[PDB]
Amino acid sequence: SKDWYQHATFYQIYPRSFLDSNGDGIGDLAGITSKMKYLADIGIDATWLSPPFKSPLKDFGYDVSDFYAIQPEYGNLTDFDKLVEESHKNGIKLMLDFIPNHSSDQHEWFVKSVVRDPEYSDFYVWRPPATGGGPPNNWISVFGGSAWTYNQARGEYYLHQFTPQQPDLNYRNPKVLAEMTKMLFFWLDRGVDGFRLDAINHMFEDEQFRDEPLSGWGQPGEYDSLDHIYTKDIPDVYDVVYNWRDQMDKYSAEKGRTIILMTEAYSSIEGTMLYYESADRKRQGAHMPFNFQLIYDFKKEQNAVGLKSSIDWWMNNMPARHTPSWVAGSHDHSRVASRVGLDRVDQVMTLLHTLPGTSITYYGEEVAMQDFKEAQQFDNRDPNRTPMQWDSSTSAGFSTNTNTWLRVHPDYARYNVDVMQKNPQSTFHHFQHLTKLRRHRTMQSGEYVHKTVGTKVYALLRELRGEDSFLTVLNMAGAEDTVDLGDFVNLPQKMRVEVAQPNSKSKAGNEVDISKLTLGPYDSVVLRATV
């Protein structure tokens, strides 16, 4: 289990929306705990837990009022401990979201910093008004408007790259780094198996607090109107990540399990790849920087050329001897079924789970959940955070309460675990076929050879000496075609259909002739051969 992260099958749980175990309409930790067997049953061996920490919920958990406490409606620390134990019982690693860049403005540290408590005054970024009034500089929040908010009591502005309710922590202050590092080991000491480092490339800012220059586009006041050279990718962040990785490896050696780090950065491809490893290859950082290529580029009118080149954009730019990861949805993104269509969730899965490396599934993708736009109450991302759909009972089995924290999608009686489990030809069964296939050594450890077959068909061969070979084929067009896969020189003419998607011109267990493989609209198949 030292190499578990190199071919993990990840599932992102959003704790407010997974399962409510006490009828208040809000998911909770005991609810998750009761479903860790379900996750293992569908082939998951690792979870990404979105932040369950105490939070005023201005950014639903990503604005943390206490980094050591559980949000009360989700449970307490003993509930968290029971979830860690039940995850490990079911063979599932638990990766906790870690929010380094900012705290809630209701955090004790910030309340005390506002009133100039000497213990915490410098925990945040405070600057006087500019000469002649106004913010200290022109920096703009990720969400628009000034990155600075005035506090009348202090007579100063504090920095927030995100909302004003998310004051940035001051990592130029070594006590800030030391405290957040200590908090990391607190959660490790409860059995956690790794961390996702949220918004990591927002950590440091220019020490001279200089104005950023204009981008050359966008209206004044818009985030995109400035070139963010003083507020993103400030390179001191890399040494912090590399140092944390070195502390995780040492902890891993002492405790006998492999602790991993993933980073979330929206950055240049070069700035992203430096989180894996320094340019000179002397330092290691994140095991797996988040890779959003499939969210960006698996689009409704993509062809196989664009799909392949999107995949190669990650792979070509990676450092050698590291692990790629792949993800199609998250708590920050519109659901796959709404983004690309119900008739395309199945081929997205087929691709997701057969690409080399680690696949990441957002809760509800396995029953083809859709955005419920009309449910939005608090946030533009509400539609992709509606309650998990478990059965056809009240509130889709998410809660006994008919009023849930966000409304359940109205079609839940057709798109839920119970109904789909009864249908051998459902997306749910397709998901399970694929995660079961991921256990095959060729999928875990084999080479990958991918090609187009004409510009509309994508094909991905996985091969490992001494093992059967597997060929994923996707039809990126909405019309039937019959194609010749003969450019894969080393495959036999006859192959077996290991997997065929719910609506497919193939059927699992049949043989096909790969010189004349018929693919239905948006088809996906995984073919098998003994070489």
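Numbering starts at 1 and follows the sequence shown.
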Of 403 to 411 and 267 to 275, the stretch whose C-alpha atoms average the higher B-factor in the entry: 403 to 411
Segment of higher mean CA temperature factor, 420 to 428 or 450 to 458: 420 to 428
Residue with highest C-alpha B-factor in the PDB entry, from 285, 306, 213, 356: 213
Identity of residue with top Cα B-factor, from 371, 207, 156, 312: 207
For residue 28, the third of its chain into which the C-alpha B factor falls: highest
Within-chain third of residue 8 by Cα B-factor, per the entry: middle
Entry-reported Cα temperature factor of residue 41, expressed as the chain third it lands in: highest
Residue 67 CA temperature factor, ranked by third within the chain: highest
Third of chain Cα B-factors occupied by residue 126: lowest
